[PDB]
């Protein structure tokens, strides 16, 4: 369709081989059985194969394979480059750039001096850092300059959410605040909690908040009013999930509760953890809970039955990510585990000779890599598929004498790291690492 152009315009020398002599459509069919590594090699045999191995609908299919789903445009005997091939190649380069590309020194965004970064958001090109310094800061992931400082809270910030230009914050001052991320202006102060606002989860137009007062509150992000109050927990509420339909909450009362928010009704009390529930994941079908009991329970939301209780960690499960029934759990036992929550299999433990030396503070993952951060001052890249250590993405000099990495967000091309120390050996700051190509 678009390869006939190149044929009758870059007239290639006659070829005496098998695929140059097939009807174009049949050569394309044959070349469609190859993997990109081999299509990429074939393109280098001769001018005829190069033109044929750049068919758009050949690569639209390979990109759909690796979940690309979006072409790349870049506005001498010339060439009509495929956007789906540029899209595929670009991704493989970003991948190899994370895995083994030289680490260009990061942008350092200094702020929240001598305090803790307690929450991190990363949204397009904006970063939001929250702190016990009472403030939040909005940054540009591109320039590294501080754009705004969200001042108004009388106590320390301890949770946050970000949709798009709306920032939600939680503080020890018992209040949540709705913010405009461009203007820096606070547009609502949400009153109702009687204790510190510990967690929050935003789904579209509503944020659910958990407090040290043992309650949850559902709020309208636009009208700034408080729609519901979920009462039933007996100790502080530490984690919360909200999919638009149920609220799932975990607390220091050893319990996980499932709610219907509209009716304010507790549908299920999930019982089994023998210590505080500290982290939660919910995909509308399964709720996944991690506790100081060293266990991670997988529950069925619609019945409240416990499907799996996943054992093996030895300490608090600090963070978890759930995606397509793959669970990644980080722990204070200095260990990251990849679980298959369909079968309960523990697919991998990340514990090399290059294992973390302190607790895991944060993690992120995608189809290729797990990214982990720790008290040891490091952020490590791991191969999801093999469980193997790849490399240290960050290695604070102060890691062993006080320097810690509190939190990471990753995009497809950048890594953001919240870094600091309780003892002054690390000035507190964000690090931005760029893994893009051209």
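Residue numbers count along the first chain shown, from 1.
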Gap at residue 212 across at least one third of the other PDB entries: no
Coordinates absent for residue 76 in a third or more of other entries: yes
Average Cα temperature factor in the PDB entry - higher stretch of 53 to 61, 377 to 385: 53 to 61
81 to 89 versus 124 to 132 - which carries the larger mean C-alpha B factor in the record: 81 to 89
Criterion, highest CA B-factor; candidates, 165, 361, 291, 343: 165
Top residue by Cα temperature factor, when 395, 32, 401, 372 are compared in the entry: 32
Third of chain Cα B-factors occupied by residue 196: middle
Residue 148 - which third its CA temperature factor falls in, relative to the rest of the chain: highest
Residue 112, C-alpha B-factor rank within chain (lowest, middle or highest third): middle
Residue 16 - Cα temperature factor, lowest/middle/highest third of chain: highest
Residue 214 - which third its CA temperature factor falls in, relative to the rest of the chain: lowest
